[PDB]
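Only one chain is included here, represented as structure tokens and corresponding to the form deposited in one PDB entry.
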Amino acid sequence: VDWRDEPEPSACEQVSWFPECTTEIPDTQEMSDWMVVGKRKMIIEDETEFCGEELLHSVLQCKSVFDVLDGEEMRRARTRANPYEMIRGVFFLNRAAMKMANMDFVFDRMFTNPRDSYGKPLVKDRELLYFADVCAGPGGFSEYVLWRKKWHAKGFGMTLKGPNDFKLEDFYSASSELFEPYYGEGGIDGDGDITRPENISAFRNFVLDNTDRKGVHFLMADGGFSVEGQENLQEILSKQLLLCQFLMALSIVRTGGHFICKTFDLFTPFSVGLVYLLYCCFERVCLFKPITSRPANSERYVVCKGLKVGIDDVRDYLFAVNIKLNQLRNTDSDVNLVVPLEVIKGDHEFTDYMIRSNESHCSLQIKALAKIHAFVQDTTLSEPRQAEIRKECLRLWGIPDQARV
């Protein structure tokens, strides 16, 4: 693979969206036969329903190169190969916060100043902005929003307890009156597992009780966990986390509200079916990878604007699917479809975009993967432009180049 034939690094990013959905929202009746249960599948290599066989195989052999390469020795080449590496978290708690700084700019203040379809803001600067942040420890996403909105925003967060819990005291700004954590059933005493029906309903009730029963203006979800030793099966291993995050959106996001969620590879029809559901439920959806997302990984984001009225059937349906997933844990079964492949493919415009997205992200990732590998086999190579690139990105995004401590 020739990685040196990649486009020049740049602060400028382009975005294209899915076509706006014209078909009606699926109801309970229509979806009554949509859930397919079959053998649990831990193989990814043949998932070519929305991606060319060459591209899928190339990005997997490119990942698997590092199966025998030293992990630290690999991340040191990664640090050198990635032109956007030096940005890091600037004065925030992690680099994840700068992803929201990155994307809030690109999507025209969609999150810090949410509008409706007509161009009218949802919140009067001279009212209060409500947001939710799920699967979110230590809290970088909320750190950005709170730092940007001060006391004009109130955030509700749920994440897994443990070493990766929220770190309020480390927020550059914020306080307990700006950001209020809730861990599911039991409240502050829950575990924050978003994949539990109890926690789901509980956090939903909580968010509604504090948003005039309207829900939040937007939701951000950035869920992930270690897939060490079996990295290639990352999409499958986190299939449920993805579903629960899409579901949480349909559960607490107000009408006309927004939603941004981290996904990984989207080769399986299970994942693609989920996006299709978001596409039916929101006024406009796109798949985007910001430059603050490392170019060799399968990380991208799905950005959703304007929640449609009457999405409750889809909400109930997905809550129901999640329950089956909990029931099929440690068994040889699994939910492999949430929307029939014929229905997804029935929409040519959706499918055309979805395929084109998968492929353009594969080719970029392959090069970056090949790039890291080259930076392993040669430690003198480097991007001499990291400093100047970082500088323009902060200028562009309106992030002051000041320091944390």
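Rigid core here is just the name for the largest C-alpha set that superposes within 1.5 Å across the two forms. The first residue of the shown sequence is 1; numbering continues from there.
The same protein has a further form, the form deposited in another entry, not shown here; the description that follows concerns it.
- Put simply, after the core is superposed between the shown form and the other one, 171 is the one residue in 171, 279, 264, 156 with a Cα shift of at least 2 angstroms.
- In a rigid-core overlay of the protein, residue 114 has its C-alpha displaced by under 2 Å between the shown form and the other one.
- The rigid-core alignment places the CA of residue 290 less than 2 Å apart between the shown form and the other one.
- With the core superposed, residue 223 shows a C-alpha displacement of at least 2 Å between the shown form and the other one.
- Legend note: Cα of residue 223 to Cα of residue 338 is at least 3 Å closer in the other entry than in the depicted form.
- Inter-residue distance, residue 252 to residue 163 (Cα): reduced by at least 3 Å in the other entry versus the depicted form.
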